[PDB]
Amino acid sequence: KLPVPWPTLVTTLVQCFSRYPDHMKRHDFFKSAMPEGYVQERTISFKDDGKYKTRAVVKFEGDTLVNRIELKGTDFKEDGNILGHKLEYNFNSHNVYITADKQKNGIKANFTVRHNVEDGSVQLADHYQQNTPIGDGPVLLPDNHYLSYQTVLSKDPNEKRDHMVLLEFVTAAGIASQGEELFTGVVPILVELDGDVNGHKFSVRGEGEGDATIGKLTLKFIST
């Protein structure tokens, strides 16, 4: 069993698969950084509770888009919504607001996730995010815009291990690269997360595919 609820890991567990409308393609930093990719760093503050710090390398390895993450979580309360596993097994729609970071050659994002709690309350998870390109080539630095997310969480009836099946759709809104041309079809995805929350160590491996033409992610994650 994971030491934390699966919904608290969703945002950490590949924004290059967002479906940017034709008129917004010049604002897609994520695909423009490919194939060498980018580093995504977050601090996630669970209000009235602990925090995650995450660092992810997102790049192509051959034909596979890989998301390799290190997560460190501290200061979570025994009694709280996270360690108490009081979060509902679902995920609300959210808008992720992206701004260019000109000092670095990348972007920042901010958003606050609302996790439904089983007693009817809401657990906030405030996200601060920064992305920096790995490669030396030019990248697309966007005007202000946002990504609109939709998520459904489910379970595989066949799966014995602790796991999460996820289907998501993501489109850009609020308002061109050769890297974009790497996403014209279905792309296999591999996610690897090494985690430590409050001293409890765990790993997650995910496999699936992304289809940026429709903004679709289909992934199954398994914990160890």
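Residues numbered from 1 in each chain as written, not as in the entry; some residues may be left out. Heavy atoms only, no water. Residues with missing side-chain atoms left out of burial classes, pairs and counts.

- Its PDB header names X-ray crystallography as the technique used to obtain the model and reports a resolution of 1.649 Å.

## Thoughts on the overall build of the protein chain
- Helices and strands together make up the secondary structure of the protein chain, namely one helix and 11 strands.
- Overall, the protein chain shows an N-to-C arrangement of helices and strands of α-β-β-β-β-β-β-β-β-β-β-β.
- Here the C-alpha atoms of the protein chain give a radius of gyration of 17 Å, agreeing with the 17 Å that 2.2 N^0.38 yields for 224 residues.
- Oriented by its inertia axes, the alpha-carbon framework of the protein chain measures out at about 50 × 40 × 30 Å. (Helix = DSSP H or I, 4+ residues; strand = E, 2+ residues; numbered from the N terminus. Rg over C-alpha atoms; globule rule 2.2 N^0.38 Å.)

## As for the layout of surface pockets
- In this structure, the largest pocket spans a volume of roughly 190 Å³.
- What lines the largest pocket is a set of 13 residues, and nearest its centre among them are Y20, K25, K31, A212 and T213.
- A per-class count over the lining of the largest pocket returns four nonpolar, three polar and six charged. (1 Å grid on protein atoms, 1.4 Å probe; cavity = no way out; pocket = protein on both sides within 12 Å on 5 of 7 lines; lining within 4 Å. Points joined across faces, edges and corners; volume = space filled by probe spheres on them. Nonpolar A, V, L, I, M, F, W, Y, C, P; charged D, E, K, R; others polar.)

## Re the packing of aromatic side chains
- This structure, assessed with the given rule, holds nine aromatic pairs.
- The interplanar angle of 65 degrees and the centroid separation of 4.8 Å between the aromatic rings of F46 and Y52 together place this pair among those described as edge-to-face.
- For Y52, a relative accessible area of 0% translates into the label buried.
- Both rings, one in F60 and one in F183, keep their centres 5.3 Å apart while their planes meet at 55 degrees; by these two values the pair is tilted. Each member of the pair, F60 as well as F183, is classed as buried.
- Clustering of aromatic rings is evident, with ring pairs tying together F17, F60 and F183. (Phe/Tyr/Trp six-rings, centres within 6.5 Å; stacked < 30°, edge-to-face > 60°. Buried < 20%, exposed > 50% of the residue type's maximum accessible area, 1.4 Å probe, protein only.)

## What about the side chain of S32?
- Examined against the element boundaries, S32 turns out to sit in helix α1 (residues 29-32).
- You can call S32 buried: its relative accessible area is 9%.
- Leave out the neighbours within four places in its chain, and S32 touches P138, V139, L140 and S177. (Contact = heavy atoms within 4.5 Å.)

## Describing the pattern of salt bridges
- Under the counting rule described, the total for this entry stands at nine salt bridges.
- The partner of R68 in a salt bridge is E192, with the nearest N and O atoms 2.7 Å apart.
- For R68, a relative accessible area of 32% translates into the label partly exposed.
- Across the pair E159 and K220 runs a salt bridge, and its minimum N-O distance is 2.4 Å.
- Residue classification places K220 among the partly exposed residues on the basis of a relative accessible area of 24%.
- Taken together, the salt bridges that share partners define one network made up of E61, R68 and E192. (Salt bridge = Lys/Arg side-chain N within 4 Å of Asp/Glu carboxyl O.)

## Quick look at the nonpolar core
- In terms of nonpolar packing, the biggest core is built from 55 residues, with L9, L13, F17, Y52 and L65 touching the most fellow members.
- Top contributing element to this core by residue count: strand β9 (residues 187-197), with five residues.
- Aside from chain neighbours lying at most four places away, what touches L65 is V14, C16, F17, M34, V58, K59, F60, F183, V187, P188, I189 and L190. (Core = buried A, V, L, I, M, F, W, Y, C linked by side-chain atoms within 4.5 Å.)

## Here we look at the pairing of strand β10 (residues 200-211)
- Pairing of β9 with β10, which is carried by 11 bridges, proceeds in the antiparallel orientation. Across the sheet, residue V187 finds its bridge partner in β10, namely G210.
- As judged from the eight bridges shared by β10 and strand β11 (residues 216-223), these two strands associate in the antiparallel manner. Bridging from a neighbouring strand, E207 pairs with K220 of β11.
- The loop that links β10 with its antiparallel partner β11 comprises four residues; one of these, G215, has a positive phi angle of about 75 degrees. (Pairing = 2+ DSSP bridges.)

## Re the sheet that holds β9
- One closed barrel holds the 11 strands; their spatial order is β1-β2-β3-β9-β10-β11-β8-β7-β4-β5-β6, and the pairing between them is mixed. Between one strand and the next, the sheet's axes are offset by a mean angle of 20 degrees, whatever the strand orientation.
- The sheet contact formed by strand β7 (residues 145-154) and strand β8 (residues 163-173) spans nine bridges and is antiparallel. Looking at the pairing, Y146 lines up with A173 of β8. (Axes fitted to C-alpha atoms, helices over the stretch in contact; angles between N-to-C directions.)

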